[PDB]
>>> print(open('data37.pdb').read())   # PDB, C-alpha atoms
MODEL        1
ATOM      1  CA  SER U   2     -20.689  -8.001 -19.815
ATOM      2  CA  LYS U   3     -23.022 -10.890 -20.389
ATOM      3  CA  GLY U   4     -21.095 -12.270 -23.368
ATOM      4  CA  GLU U   5     -17.694 -12.059 -21.686
ATOM      5  CA  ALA U   6     -18.841 -14.080 -18.698
ATOM      6  CA  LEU U   7     -19.665 -17.121 -20.829
ATOM      7  CA  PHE U   8     -15.990 -17.589 -21.673
ATOM      8  CA  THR U   9     -14.253 -17.386 -18.290
ATOM      9  CA  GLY U  10     -13.907 -21.206 -18.155
ATOM     10  CA  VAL U  11     -13.392 -24.159 -20.517
ATOM     11  CA  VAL U  12     -16.260 -24.337 -23.015
ATOM     12  CA  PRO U  13     -17.123 -27.415 -25.107
ATOM     13  CA  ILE U  14     -17.191 -26.760 -28.865
ATOM     14  CA  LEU U  15     -19.031 -28.502 -31.680
ATOM     15  CA  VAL U  16     -18.366 -27.838 -35.368
ATOM     16  CA  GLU U  17     -20.618 -29.105 -38.165
ATOM     17  CA  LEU U  18     -19.857 -28.409 -41.821
ATOM     18  CA  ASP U  19     -21.554 -29.377 -45.038
ATOM     19  CA  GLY U  20     -19.570 -28.666 -48.175
ATOM     20  CA  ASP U  21     -19.739 -28.864 -51.935
ATOM     21  CA  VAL U  22     -16.462 -28.174 -53.780
ATOM     22  CA  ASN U  23     -16.695 -28.533 -57.575
ATOM     23  CA  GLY U  24     -19.563 -30.962 -57.002
ATOM     24  CA  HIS U  25     -17.721 -33.045 -54.396
ATOM     25  CA  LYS U  26     -20.186 -33.129 -51.489
ATOM     26  CA  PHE U  27     -18.882 -33.836 -47.994
ATOM     27  CA  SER U  28     -19.545 -33.326 -44.320
ATOM     28  CA  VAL U  29     -17.316 -32.840 -41.313
ATOM     29  CA  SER U  30     -18.039 -33.079 -37.581
ATOM     30  CA  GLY U  31     -15.674 -31.615 -35.008
ATOM     31  CA  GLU U  32     -15.504 -31.596 -31.221
ATOM     32  CA  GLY U  33     -13.225 -30.033 -28.663
ATOM     33  CA  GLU U  34     -12.948 -27.215 -26.218
ATOM     34  CA  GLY U  35     -11.881 -23.630 -25.906
ATOM     35  CA  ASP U  36     -10.365 -21.637 -23.090
ATOM     36  CA  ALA U  37     -10.513 -17.940 -24.047
ATOM     37  CA  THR U  38      -8.603 -16.995 -20.885
ATOM     38  CA  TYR U  39      -5.553 -18.440 -22.673
ATOM     39  CA  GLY U  40      -6.769 -17.959 -26.261
ATOM     40  CA  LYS U  41      -6.570 -21.743 -26.550
ATOM     41  CA  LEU U  42      -8.509 -24.110 -28.813
ATOM     42  CA  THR U  43      -8.210 -27.892 -29.084
ATOM     43  CA  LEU U  44     -10.378 -29.561 -31.779
ATOM     44  CA  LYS U  45     -10.639 -32.843 -33.639
ATOM     45  CA  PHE U  46     -12.469 -33.015 -36.976
ATOM     46  CA  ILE U  47     -13.726 -36.142 -38.734
ATOM     47  CA  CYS U  48     -14.911 -36.353 -42.350
ATOM     48  CA  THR U  49     -18.180 -38.290 -41.927
ATOM     49  CA  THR U  50     -18.760 -38.881 -45.626
ATOM     50  CA  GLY U  51     -15.478 -40.703 -46.379
ATOM     51  CA  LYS U  52     -12.314 -39.093 -47.711
ATOM     52  CA  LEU U  53     -12.160 -35.274 -47.531
ATOM     53  CA  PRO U  54     -12.054 -34.050 -51.168
ATOM     54  CA  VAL U  55      -9.910 -31.005 -50.339
ATOM     55  CA  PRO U  56      -6.811 -30.719 -48.137
ATOM     56  CA  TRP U  57      -7.555 -30.400 -44.409
ATOM     57  CA  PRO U  58      -5.483 -27.218 -44.057
ATOM     58  CA  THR U  59      -7.740 -25.371 -46.460
ATOM     59  CA  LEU U  60     -10.646 -25.715 -43.966
ATOM     60  CA  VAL U  61      -8.889 -24.590 -40.775
ATOM     61  CA  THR U  62     -10.079 -20.982 -40.913
ATOM     62  CA  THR U  63     -13.648 -22.103 -41.656
ATOM     63  CA  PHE U  64     -13.829 -24.593 -38.766
ATOM     64  CA  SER U  65     -11.870 -22.308 -36.407
ATOM     65  CA  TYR U  66     -10.644 -19.016 -37.365
ATOM     66  CA  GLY U  67     -14.088 -20.274 -37.176
ATOM     67  CA  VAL U  68     -14.712 -19.640 -33.417
ATOM     68  CA  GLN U  69     -12.909 -16.380 -32.822
ATOM     69  CA  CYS U  70     -14.934 -15.806 -29.664
ATOM     70  CA  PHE U  71     -12.131 -17.952 -28.113
ATOM     71  CA  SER U  72      -9.504 -15.282 -28.827
ATOM     72  CA  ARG U  73      -7.703 -13.895 -25.809
ATOM     73  CA  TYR U  74      -8.483 -10.179 -25.632
ATOM     74  CA  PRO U  75      -6.113  -8.479 -23.209
ATOM     75  CA  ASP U  76      -7.960  -6.694 -20.440
ATOM     76  CA  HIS U  77      -7.133  -3.271 -21.929
ATOM     77  CA  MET U  78      -8.673  -4.393 -25.241
ATOM     78  CA  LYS U  79     -11.906  -5.875 -23.881
ATOM     79  CA  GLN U  80     -14.055  -3.068 -25.347
ATOM     80  CA  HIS U  81     -13.018  -4.366 -28.778
ATOM     81  CA  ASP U  82     -14.182  -7.975 -28.466
ATOM     82  CA  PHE U  83     -17.156  -8.155 -30.854
ATOM     83  CA  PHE U  84     -17.196 -11.944 -30.878
ATOM     84  CA  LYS U  85     -17.980 -12.568 -27.201
ATOM     85  CA  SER U  86     -20.279  -9.555 -27.036
ATOM     86  CA  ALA U  87     -22.670 -11.222 -29.511
ATOM     87  CA  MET U  88     -23.065 -14.252 -27.227
ATOM     88  CA  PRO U  89     -25.074 -16.262 -26.357
ATOM     89  CA  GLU U  90     -27.339 -15.535 -29.336
ATOM     90  CA  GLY U  91     -24.279 -15.539 -31.608
ATOM     91  CA  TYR U  92     -23.211 -14.227 -34.972
ATOM     92  CA  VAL U  93     -23.250 -15.054 -38.651
ATOM     93  CA  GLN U  94     -19.733 -15.344 -40.071
ATOM     94  CA  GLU U  95     -19.401 -15.165 -43.852
ATOM     95  CA  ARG U  96     -16.241 -15.427 -45.909
ATOM     96  CA  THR U  97     -14.932 -15.492 -49.411
ATOM     97  CA  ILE U  98     -11.649 -17.409 -49.542
ATOM     98  CA  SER U  99      -9.871 -16.845 -52.841
ATOM     99  CA  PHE U 100      -7.131 -19.356 -53.689
ATOM    100  CA  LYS U 101      -4.737 -17.509 -55.952
ATOM    101  CA  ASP U 102      -4.744 -18.981 -59.458
ATOM    102  CA  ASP U 103      -7.412 -21.491 -58.399
ATOM    103  CA  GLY U 104     -10.983 -21.607 -57.053
ATOM    104  CA  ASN U 105     -12.793 -19.996 -54.158
ATOM    105  CA  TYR U 106     -14.768 -20.987 -51.114
ATOM    106  CA  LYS U 107     -17.839 -19.083 -49.983
ATOM    107  CA  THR U 108     -18.756 -19.911 -46.411
ATOM    108  CA  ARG U 109     -21.712 -19.022 -44.233
ATOM    109  CA  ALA U 110     -21.606 -20.020 -40.575
ATOM    110  CA  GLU U 111     -23.650 -19.414 -37.455
ATOM    111  CA  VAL U 112     -21.696 -19.443 -34.206
ATOM    112  CA  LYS U 113     -23.848 -19.522 -31.046
ATOM    113  CA  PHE U 114     -24.449 -21.309 -27.779
ATOM    114  CA  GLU U 115     -26.679 -24.356 -27.660
ATOM    115  CA  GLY U 116     -26.941 -24.760 -23.902
ATOM    116  CA  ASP U 117     -23.420 -24.688 -22.565
ATOM    117  CA  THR U 118     -21.886 -25.729 -25.880
ATOM    118  CA  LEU U 119     -20.444 -23.289 -28.390
ATOM    119  CA  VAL U 120     -21.534 -24.443 -31.838
ATOM    120  CA  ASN U 121     -20.181 -23.465 -35.254
ATOM    121  CA  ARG U 122     -22.523 -24.613 -38.048
ATOM    122  CA  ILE U 123     -21.166 -24.009 -41.561
ATOM    123  CA  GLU U 124     -22.237 -24.294 -45.172
ATOM    124  CA  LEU U 125     -19.326 -24.164 -47.634
ATOM    125  CA  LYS U 126     -19.501 -23.832 -51.420
ATOM    126  CA  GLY U 127     -16.365 -24.099 -53.541
ATOM    127  CA  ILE U 128     -16.259 -23.397 -57.286
ATOM    128  CA  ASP U 129     -13.728 -22.777 -60.054
ATOM    129  CA  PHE U 130     -11.152 -25.256 -58.721
ATOM    130  CA  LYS U 131      -8.625 -26.741 -61.113
ATOM    131  CA  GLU U 132      -8.540 -30.558 -61.257
ATOM    132  CA  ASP U 133      -4.763 -30.627 -60.992
ATOM    133  CA  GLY U 134      -4.416 -27.531 -58.854
ATOM    134  CA  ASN U 135      -3.061 -27.536 -55.333
ATOM    135  CA  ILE U 136      -6.482 -28.081 -53.761
ATOM    136  CA  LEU U 137      -8.171 -30.834 -55.807
ATOM    137  CA  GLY U 138      -4.732 -32.283 -56.534
ATOM    138  CA  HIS U 139      -3.922 -32.509 -52.796
ATOM    139  CA  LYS U 140      -0.551 -30.781 -53.102
ATOM    140  CA  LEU U 141      -0.642 -28.940 -49.759
ATOM    141  CA  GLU U 142       1.510 -29.901 -46.801
ATOM    142  CA  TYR U 143      -0.242 -30.978 -43.639
ATOM    143  CA  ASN U 144       0.889 -28.018 -41.521
ATOM    144  CA  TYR U 145      -0.066 -24.404 -40.813
ATOM    145  CA  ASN U 146       1.580 -21.013 -40.534
ATOM    146  CA  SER U 147       0.968 -18.152 -38.106
ATOM    147  CA  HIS U 148      -1.118 -15.288 -39.418
ATOM    148  CA  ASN U 149      -2.636 -11.957 -38.404
ATOM    149  CA  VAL U 150      -6.361 -11.394 -38.834
ATOM    150  CA  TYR U 151      -7.043  -7.639 -39.462
ATOM    151  CA  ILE U 152     -10.419  -6.539 -37.937
ATOM    152  CA  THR U 153     -12.381  -3.384 -38.579
ATOM    153  CA  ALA U 154     -15.860  -2.296 -37.465
ATOM    154  CA  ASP U 155     -18.881  -2.483 -39.779
ATOM    155  CA  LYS U 156     -21.324  -0.094 -38.099
ATOM    156  CA  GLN U 157     -24.072  -0.401 -40.766
ATOM    157  CA  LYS U 158     -24.405  -4.095 -39.990
ATOM    158  CA  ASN U 159     -23.786  -3.794 -36.241
ATOM    159  CA  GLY U 160     -20.759  -6.044 -36.790
ATOM    160  CA  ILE U 161     -17.237  -6.386 -38.114
ATOM    161  CA  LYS U 162     -15.175  -7.171 -41.174
ATOM    162  CA  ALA U 163     -11.788  -8.795 -41.479
ATOM    163  CA  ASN U 164      -9.183  -9.239 -44.160
ATOM    164  CA  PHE U 165      -6.144 -11.473 -44.113
ATOM    165  CA  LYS U 166      -3.873 -13.672 -46.229
ATOM    166  CA  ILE U 167      -3.392 -17.324 -45.426
ATOM    167  CA  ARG U 168      -0.345 -18.977 -46.890
ATOM    168  CA  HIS U 169      -0.580 -22.710 -47.360
ATOM    169  CA  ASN U 170       2.715 -24.526 -47.909
ATOM    170  CA  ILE U 171       2.822 -26.528 -51.157
ATOM    171  CA  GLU U 172       4.671 -29.869 -51.183
ATOM    172  CA  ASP U 173       7.212 -28.511 -53.704
ATOM    173  CA  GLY U 174       8.262 -25.785 -51.226
ATOM    174  CA  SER U 175       6.143 -23.020 -52.759
ATOM    175  CA  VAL U 176       3.090 -21.278 -51.245
ATOM    176  CA  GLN U 177      -0.604 -21.289 -52.106
ATOM    177  CA  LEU U 178      -2.122 -17.973 -51.101
ATOM    178  CA  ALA U 179      -5.697 -17.964 -49.805
ATOM    179  CA  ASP U 180      -7.013 -14.417 -49.521
ATOM    180  CA  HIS U 181      -9.696 -14.124 -46.836
ATOM    181  CA  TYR U 182     -12.500 -11.565 -46.743
ATOM    182  CA  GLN U 183     -14.808 -11.883 -43.737
ATOM    183  CA  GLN U 184     -18.009 -10.291 -42.401
ATOM    184  CA  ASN U 185     -19.674 -10.962 -39.041
ATOM    185  CA  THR U 186     -23.160  -9.842 -38.031
ATOM    186  CA  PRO U 187     -24.916 -10.487 -34.701
ATOM    187  CA  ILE U 188     -27.921 -12.838 -34.534
ATOM    188  CA  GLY U 189     -29.467 -11.591 -31.291
ATOM    189  CA  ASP U 190     -30.782  -8.313 -29.938
ATOM    190  CA  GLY U 191     -28.236  -7.663 -27.174
ATOM    191  CA  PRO U 192     -25.677  -4.887 -27.323
ATOM    192  CA  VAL U 193     -22.515  -5.716 -29.241
ATOM    193  CA  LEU U 194     -19.071  -4.107 -29.281
ATOM    194  CA  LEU U 195     -17.906  -2.268 -32.380
ATOM    195  CA  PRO U 196     -14.105  -2.397 -32.217
ATOM    196  CA  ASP U 197     -11.300  -0.062 -33.136
ATOM    197  CA  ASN U 198      -8.949  -1.492 -35.737
ATOM    198  CA  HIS U 199      -6.863  -4.324 -34.336
ATOM    199  CA  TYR U 200      -5.724  -7.816 -35.238
ATOM    200  CA  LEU U 201      -5.760 -11.367 -33.991
ATOM    201  CA  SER U 202      -2.365 -13.067 -33.882
ATOM    202  CA  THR U 203      -3.087 -16.717 -34.633
ATOM    203  CA  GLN U 204      -0.861 -19.797 -34.388
ATOM    204  CA  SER U 205      -2.094 -23.270 -35.383
ATOM    205  CA  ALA U 206      -0.614 -26.783 -35.221
ATOM    206  CA  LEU U 207      -2.068 -29.717 -37.119
ATOM    207  CA  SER U 208      -1.605 -33.334 -36.091
ATOM    208  CA  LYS U 209      -3.063 -36.810 -36.518
ATOM    209  CA  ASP U 210      -4.594 -39.095 -33.885
ATOM    210  CA  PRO U 211      -2.513 -42.293 -34.265
ATOM    211  CA  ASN U 212      -5.581 -44.360 -33.262
ATOM    212  CA  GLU U 213      -7.951 -42.739 -35.733
ATOM    213  CA  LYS U 214      -8.491 -44.481 -39.052
ATOM    214  CA  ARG U 215     -11.161 -42.111 -40.385
ATOM    215  CA  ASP U 216      -9.969 -39.108 -42.373
ATOM    216  CA  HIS U 217      -9.465 -36.431 -39.716
ATOM    217  CA  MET U 218      -7.537 -33.435 -38.411
ATOM    218  CA  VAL U 219      -6.419 -32.529 -34.887
ATOM    219  CA  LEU U 220      -5.970 -28.779 -34.381
ATOM    220  CA  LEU U 221      -4.276 -26.904 -31.538
ATOM    221  CA  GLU U 222      -4.639 -23.132 -31.890
ATOM    222  CA  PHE U 223      -3.713 -20.033 -29.917
ATOM    223  CA  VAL U 224      -5.229 -16.673 -30.698
ATOM    224  CA  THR U 225      -4.402 -13.348 -29.078
ATOM    225  CA  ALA U 226      -5.825  -9.919 -29.863
ATOM    226  CA  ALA U 227      -3.175  -7.267 -30.427
ATOM    227  CA  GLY U 228      -2.388  -3.991 -32.168
ATOM    228  CA  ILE U 229      -3.719  -1.636 -29.500
ATOM    229  CA  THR U 230      -1.314  -0.422 -26.822
ATOM    230  CA  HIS U 231      -2.189  -0.162 -23.113
TER
ENDMDL
END
>>> encode(input="data37.pdb", output="structure tokens")
Amino acid sequence: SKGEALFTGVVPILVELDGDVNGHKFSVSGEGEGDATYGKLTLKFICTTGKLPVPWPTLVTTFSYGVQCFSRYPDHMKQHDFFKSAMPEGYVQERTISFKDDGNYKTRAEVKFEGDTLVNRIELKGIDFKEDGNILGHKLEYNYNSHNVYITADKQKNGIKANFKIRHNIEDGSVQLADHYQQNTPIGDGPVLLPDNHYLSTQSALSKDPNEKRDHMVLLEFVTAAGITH
């Protein structure tokens, strides 16, 4: 299909986020590339407003689980790849991320091509955070666990929904759960694929650029669709 073909090679990615969490306003710019053939993403994010007022790990899904058109869909599962099917015109991705016993993020993003570049533009609003909670208190380890993203079709919206649980490691050894509810709807008028139930198996590694003095995050991520047998 048309959408599929856009992802056969390495595609440059731009991410732009504006956020307001409990009145802390901030912006982030990210750049990198994706290679859907291998389900592979490499991205570097920079907080352009100064210090990020929330922990970097709490934004990973928004920035990436943010560009799920880079997932590797096995050949036998290609009829289930909503994300690429919506391209180049793109999709709106909305989430509510509920941090257990703390606040929530509401995110609205548009993911689309601008020329040959895949762009993820996000607005994030966070409310109800506790001043000395794990988020505003910066008590989360700088690392990331592997998770499954459970996708179902949303025929009424010509799109999909997803549900999953992110577990952020707390510096005391405990875990901060971040429940994710997600909805995606196409922007353009092309045909899109409405998938059978399946999941994305996602693995992410966070690192720092030793030469970077701005507040930043380097992300390496692999994403593979699964849950449907050949």
>>> closest_residue(input="data37.pdb", among="U:69, U:59, U:135, U:208", to="residue 167 in chain U", atoms="all atoms listed in the file")
U:59
>>> resolve_selection(input="data37.pdb", expression="the PyMOL selection byres ((chain U and resi 35-52) around 7)", output="PyMOL selection string")
chain U and resi 8-14+27-34+53-54+71-73+215-225
>>> write_last_selection(input="data37.pdb", atoms="C-alpha atoms", output="short mmCIF file (atom, residue, chain, number, x, y, z; two decimals), in the coordinates of the input")
data_model
loop_
_atom_site.label_atom_id
_atom_site.label_comp_id
_atom_site.auth_asym_id
_atom_site.auth_seq_id
_atom_site.Cartn_x
_atom_site.Cartn_y
_atom_site.Cartn_z
CA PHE U 8 -15.99 -17.59 -21.67
CA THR U 9 -14.25 -17.39 -18.29
CA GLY U 10 -13.91 -21.21 -18.16
CA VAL U 11 -13.39 -24.16 -20.52
CA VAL U 12 -16.26 -24.34 -23.02
CA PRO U 13 -17.12 -27.42 -25.11
CA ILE U 14 -17.19 -26.76 -28.86
CA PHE U 27 -18.88 -33.84 -47.99
CA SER U 28 -19.55 -33.33 -44.32
CA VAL U 29 -17.32 -32.84 -41.31
CA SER U 30 -18.04 -33.08 -37.58
CA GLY U 31 -15.67 -31.62 -35.01
CA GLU U 32 -15.50 -31.60 -31.22
CA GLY U 33 -13.22 -30.03 -28.66
CA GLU U 34 -12.95 -27.22 -26.22
CA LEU U 53 -12.16 -35.27 -47.53
CA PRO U 54 -12.05 -34.05 -51.17
CA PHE U 71 -12.13 -17.95 -28.11
CA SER U 72 -9.50 -15.28 -28.83
CA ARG U 73 -7.70 -13.90 -25.81
CA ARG U 215 -11.16 -42.11 -40.38
CA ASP U 216 -9.97 -39.11 -42.37
CA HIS U 217 -9.46 -36.43 -39.72
CA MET U 218 -7.54 -33.44 -38.41
CA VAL U 219 -6.42 -32.53 -34.89
CA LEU U 220 -5.97 -28.78 -34.38
CA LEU U 221 -4.28 -26.90 -31.54
CA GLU U 222 -4.64 -23.13 -31.89
CA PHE U 223 -3.71 -20.03 -29.92
CA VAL U 224 -5.23 -16.67 -30.70
CA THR U 225 -4.40 -13.35 -29.08
#
>>> closest_residue(input="data37.pdb", among="U:60, U:93, U:7, U:206", to="residue 116 in chain U", atoms="only C-alpha atoms")
U:7
>>> closest_residue(input="data37.pdb", among="U:19, U:207, U:107, U:186", to="residue 61 in chain U", atoms="all atoms listed in the file")
U:207
>>> resolve_selection(input="data37.pdb", expression="the PyMOL selection byres ((chain U and resi 95) around 8)", output="ChimeraX atom specification")
/U:93-94,96-97,107-110,183-185
>>> write_last_selection(input="data37.pdb", atoms="C-alpha atoms", output="short mmCIF file (atom, residue, chain, number, x, y, z; two decimals), in the frame of the given file")
data_model
loop_
_atom_site.label_atom_id
_atom_site.label_comp_id
_atom_site.auth_asym_id
_atom_site.auth_seq_id
_atom_site.Cartn_x
_atom_site.Cartn_y
_atom_site.Cartn_z
CA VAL U 93 -23.25 -15.05 -38.65
CA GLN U 94 -19.73 -15.34 -40.07
CA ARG U 96 -16.24 -15.43 -45.91
CA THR U 97 -14.93 -15.49 -49.41
CA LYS U 107 -17.84 -19.08 -49.98
CA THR U 108 -18.76 -19.91 -46.41
CA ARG U 109 -21.71 -19.02 -44.23
CA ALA U 110 -21.61 -20.02 -40.58
CA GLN U 183 -14.81 -11.88 -43.74
CA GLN U 184 -18.01 -10.29 -42.40
CA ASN U 185 -19.67 -10.96 -39.04
#
>>> residues_around(input="data37.pdb", residues="residue 180 in chain U", least_positions_apart="6", cutoff="6 Å", atoms="only C-alpha atoms", output="list in words")
residues 98, 99 and 166 of chain U
>>> closest_residue(input="data37.pdb", among="U:5, U:70, U:124, U:82", to="residue 26 in chain U", atoms="all atoms listed in the file")
U:124
>>> atom_distance(input="data37.pdb", atom1="CA of residue 199 in chain U", atom2="CA of residue 229 in chain U")
6.4 Å
>>> axis_aligned_box(input="data37.pdb", around="range 3-13 of chain U", padding_each_side="3 Å", output="JSON")
{"center_x": -18.2, "center_y": -19.2, "center_z": -21.6, "size_x": 15.6, "size_y": 22.5, "size_z": 13.0}
>>> decode(input="data37.pdb", residues="range 113-139 of chain U", atoms="C-alpha atoms", output="CSV table (one decimal), in the first residue's frame")
chain,number,residue,atom,x,y,z
U,113,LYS,CA,2.4,13.0,9.8
U,114,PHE,CA,4.9,13.5,7.0
U,115,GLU,CA,6.3,16.9,6.3
U,116,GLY,CA,8.1,16.2,3.1
U,117,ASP,CA,10.3,13.2,3.8
U,118,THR,CA,10.3,13.8,7.5
U,119,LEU,CA,8.0,12.0,9.9
U,120,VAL,CA,6.9,14.6,12.5
U,121,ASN,CA,5.3,14.1,15.9
U,122,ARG,CA,3.8,17.4,17.2
U,123,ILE,CA,2.4,17.1,20.7
U,124,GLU,CA,0.5,19.2,23.3
U,125,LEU,CA,0.7,17.8,26.8
U,126,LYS,CA,-1.3,18.9,29.9
U,127,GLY,CA,-0.6,17.5,33.3
U,128,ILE,CA,-2.7,18.2,36.4
U,129,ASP,CA,-3.2,16.8,39.9
U,130,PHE,CA,0.5,16.1,40.5
U,131,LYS,CA,1.7,16.0,44.1
U,132,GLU,CA,4.6,18.3,44.9
U,133,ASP,CA,6.5,15.6,46.6
U,134,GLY,CA,5.3,12.7,44.5
U,135,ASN,CA,7.5,10.6,42.2
U,136,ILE,CA,7.0,12.9,39.3
U,137,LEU,CA,7.4,16.5,40.6
U,138,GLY,CA,9.8,15.2,43.2
U,139,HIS,CA,12.0,13.5,40.5
